[PDB]
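Here's the structure, in structure tokens; my notes come after.
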DNA sequence: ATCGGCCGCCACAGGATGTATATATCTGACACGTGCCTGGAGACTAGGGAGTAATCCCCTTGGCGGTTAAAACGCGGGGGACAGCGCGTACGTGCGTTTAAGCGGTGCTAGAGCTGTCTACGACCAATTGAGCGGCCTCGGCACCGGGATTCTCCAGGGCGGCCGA
DNA sequence: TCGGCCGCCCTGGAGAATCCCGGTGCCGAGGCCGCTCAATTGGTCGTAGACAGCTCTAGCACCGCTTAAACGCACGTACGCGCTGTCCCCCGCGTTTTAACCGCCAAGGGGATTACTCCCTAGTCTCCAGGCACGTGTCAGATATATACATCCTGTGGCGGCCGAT
Ligand SMILES: [Cl-]
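Protein chains in written order, with the numbering used here: chain A, 48 to 146; chain B, 19 to 116; chain C, 1143 to 1197; chain D, 1066 to 1118; chain E, 1450 to 1530; chain F, 4 to 86.
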């Protein structure tokens, strides 16, 4: 009587749902707290425009989505469908960001 | 029968020998002919300084060596020691030149 | 972008429509490959091996 | 580069010595990551899985 | 003031990976992704705060983050320019 | 004479030497054709930009400075020939 | 029944090979002197870009109420990751063959490169004015709640061999 | 000879999700108006660059030896790749918590703007000395030839497992 789907179908459904949407996936306030925490180690008592934190979030989510794109290509290349930190490290290494 | 090595030992020996050397590995004259051939489709009767073709060769070999480095990392990542056009395409795709 | 707005049955160009307009064209993708467009997301791209074998 | 010339037992800095001087330092590698030095080659780097057991 | 990297939640990294097209996510992804995101934010906020220092200001404008991302070769549209 | 078939001048042992400098142990057979393709497209972009710099300099000889400016413009700065 | 042959595996070492290291030659490329001249330096003035004070209000941060979408946690399973093994194929090694890269010569000339003339094209200055921007408004395109069609997902059953094994 | 369970193929119907279609509100984009300041026009010099000519550098062209290295062929074995067995870890889903979001308000930090001064650099002129082209020495090192030392593939001896034989 209780209905349950296979894993692949809800996974692909979420892939479609979030590749159609445009909204920011990281929540606004914990990202803002992360930004203030990282900023704290450069100068005390820093202030931020709201559009500055929104710009940080737009670029950060776009960067991680391109990163997961390359990570998925690394996984698929290695005959897997599950991404691994191996795949993230390979992606960042080929992109030249390992520093 | 005479002495014969394993593949891995002469392979690693050449890896060591060419990572120590600095000379240009592509020959000068066929690369020059390739440069004139590619240039031909942009303007007829183009001339080239010798240092220009040497600069092209230095940059082309450095680019292909960085390409084979990323390609070897793609091969190793796929639990293989053999580079493949799969690996070259993955490298160029992640680097963003596709 | 007006074309992608028409395809989306809208008469107001949104960021998503600029995103689709640039990234579905090859030469605009070559122009803005290292450029992030805000509120745009990515293209609806799903790889073939991740799809279930509907054969 | 003089250090890498000393290590190579040489008193004349060649391109290879500049190559080693930049690419063996981390922050000079960060500075010149997208920069090709001519007549330099690459570092003698051999991966661990390619070596015979 | 240390669990702010844990504010990047496991559902949020999962949503990001779904937008990236990822079907399956191992458990060791999430800490690695928090790390990589933290390093990216370190570089960006470092440059933006440098730009704020040069302007002798106390607030970080959106133009500063645009200039920083533009310097780092990741141009961001829609925040001035 | 119109130059043709010069991409085969990038021989198989030269690609193997380039692979050795990159640290490659074992090389499959389609690597050589793929590598000739990638090097062809790279030289297409670089020689295209250098020819363009020659065009605007009102000249017909591609200098080393043109190739340096071109490689530098594409984010691959070449040292040794000026800049 | 235990024991030698043989395979697996380990390992110990003649032997061929590549290569780290010792001298000799000869070079030609790096280091240094010399002329000189053109760019570096010193001095002086103008002014306009920049330093500094005050103001004010924009907007950035801090605080609280609720609520609810979202995050955290558990749990059962199933499907993909991972290890192992066998087949084969196709790549590397070695040797002979041979194609042509490289070096060394000269001859020629198109064209890079430097010099003089001038002229036409752009900076600089004032007036003016109309196009572009701040402010406002209204309204319709977009966002959103609800309902029905639909559209793919998935599991249950019916028939179907089929496979034995008790 | 037997039917009891067990994986396969097909098909059907619940079932959650999604597309489509209206209905209503809402708030930001389109449009109108002032105005103000920079776009435009006219005119003036100054010099950057277009153009002619001369030169002289090296770039292309050809040829002759010269071996360096590419091409081809056999071969063998090591890794690519397919198959399979396991297992464990992640994914869907229900339940519970929780803090993100909205929204509302309050106080003040400083962003920005204007005014005024002020002093730092742009620009000229004159002087002079350090940097560059050119010439000449001189020694660092690439390489040939010499031993000659690690090193690795393999030849083979030895220990143990085991496996069958008389
Ligand atoms: Cl991992």
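The beta-carbon is built from N, C-alpha and C at its ideal position, and this holds for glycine as well.
Environment of residue i [buried if 16+ CB atoms lie within 10 Å]
i, result
"residue 1151 of chain C", "exposed"
"residue 37 of chain B", "buried"
"residue 1190 of chain C", "exposed"
"residue 1103 of chain D", "buried"
"residue 1455 of chain E", "exposed"
"residue 1510 of chain E", "buried"
"residue 1076 of chain D", "exposed"
"residue 25 of chain F", "buried"
"residue 88 of chain B", "buried"
"residue 1158 of chain C", "buried"
"residue 94 of chain B", "buried"
"residue 134 of chain A", "buried"
"residue 1501 of chain E", "buried"
"residue 41 of chain F", "buried"
"residue 1089 of chain D", "exposed"
"residue 33 of chain F", "exposed"
"residue 119 of chain A", "buried"
"residue 1085 of chain D", "buried"
"residue 96 of chain B", "buried"
"residue 35 of chain B", "exposed"
"residue 102 of chain A", "buried"
"residue 1091 of chain D", "exposed"
"residue 1193 of chain C", "exposed"
"residue 1506 of chain E", "exposed"
"residue 44 of chain F", "exposed"
"residue 23 of chain B", "exposed"
For residue i, the nearest candidate out of the options (CA to CA)
i, options, result
"residue 139 of chain A", "E:1482, E:1475, E:1450 and E:1457", "E:1482"
"residue 1107 of chain D", "F:30, F:22, F:59 and F:9", "F:22"
"residue 1472 of chain E", "A:129, A:143 and A:144", "A:129"
"residue 39 of chain B", "D:1110, D:1117, D:1105 and D:1111", "D:1105"
"residue 1175 of chain C", "A:110, A:134 and A:91", "A:110"
"residue 77 of chain A", "E:1502, E:1498, E:1457 and E:1463", "E:1457"
"residue 67 of chain B", "F:17, F:82 and F:70", "F:70"
"residue 5 of chain F", "B:58, B:23 and B:52", "B:58"
"residue 62 of chain B", "F:41, F:54, F:44 and F:49", "F:54"
"residue 1196 of chain C", "A:79, A:56, A:89 and A:85", "A:56"
"residue 1527 of chain E", "C:1165, C:1177 and C:1192", "C:1177"
"residue 1111 of chain D", "B:86, B:54, B:112 and B:20", "B:86"
"residue 16 of chain F", "F:7, F:8, F:9 and F:30", "F:30"
"residue 9 of chain F", "B:103, B:77 and B:50", "B:50"
"residue 146 of chain A", "D:1072, D:1116, D:1109 and D:1096", "D:1096"
"residue 1496 of chain E", "E:1462, E:1480 and E:1521", "E:1521"
"residue 121 of chain A", "A:106, A:142, A:54 and A:107", "A:142"
"residue 1 of chain F", "B:21, B:70 and B:98", "A question about residue 1 of chain F goes unanswered here, because the residues of chain F that appear run from 4 up to 86."
Residues sharing a beta bridge with residue i, DSSP
i, result
"residue 29 of chain F", "B:100"
"residue 54 of chain F", "Answer is none; residue 54 of chain F lacks a bridge partner."
"residue 81 of chain F", "D:1101"
"residue 1508 of chain E", "A:94"
Residues near ligand 1, criterion Cβ-heavy atom distance below 6 Å: Matched residues: A:131, A:132, A:133 and E:1477.
Complete runs of the alpha helix (DSSP H) confined to the region 63-145 of chain A [at least 4 residues]: 75-87, 97-124 and 132-142
Contained alpha helix (DSSP H) runs [length at least 4] in the region 1076-1103 of chain D, N- to C-terminal order: Those alpha helix (DSSP H) runs which fall completely within the region 1076-1103 of chain D and span 4+ residues are 1080-1088 and 1091-1096.
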